[PDB]
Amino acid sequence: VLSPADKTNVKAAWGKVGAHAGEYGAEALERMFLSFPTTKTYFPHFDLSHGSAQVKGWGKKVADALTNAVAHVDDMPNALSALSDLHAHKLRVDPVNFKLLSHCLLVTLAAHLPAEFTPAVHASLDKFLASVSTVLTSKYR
């Protein structure tokens, strides 16, 4: 579970991210596509080039969903329910990929949070993204 310290750490880190959240979501997708090319199988309709507006648009929506999850950290399953449905029954992204995106989100946050990304905050963010991932895959079967 997410402890109160985890929740505090996540809110502080995401609060520092602030208005850059959409940018960081896009950067995380780019990192994922370059690092883990199999993930490109889900985006054959995107221009994957650096600066792509499709990547930017996805990054914004993903960021806004994470912002909503952080705001609703005690009630994440309901906050993310429409996205759990979308991923389970339409997009059908293999659950193994959520660990890949989560790692790339962590790497992006690390690269942008010199002061905030302490070992404790890193641990909390890893648990938070694993929890979001669990929620998003909870309706797959």
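Quick note: we count residues from 1 along the sequence shown, nothing fancier.
A.B. asks: If you average the CA temperature factors over each stretch, which comes out higher, 11-19 or 116-124?
C.D. replies: Looking at the record's C-alpha B-factors, the answer is 11-19.
A.B. asks: Could you check which stretch, 80-88 or 44-52, carries the larger mean CA temperature factor in the entry?
C.D. replies: Taking the mean B-factor of the alpha carbons in each, 44-52 is higher.
A.B. asks: Highest Cα temperature factor in the entry, among the options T108, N68, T39, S102: which one is it?
C.D. replies: So the option with the highest C-alpha B-factor is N68.
A.B. asks: Going by what the PDB entry lists, where does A26 fall on CA B-factor within its chain: lowest, middle or highest third?
C.D. replies: It falls in the middle third of the chain.
A.B. asks: Relative to the other modelled residues of the same chain, rank the CA B-factor of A63 and answer lowest, middle or highest third.
C.D. replies: Answer is highest: the recorded C-alpha B-factor places it there.
A.B. asks: Relative to the other modelled residues in the chain, which third contains the C-alpha temperature factor of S3: lowest, middle or highest?
C.D. replies: According to the entry, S3 has a C-alpha B-factor in the chain's highest third.
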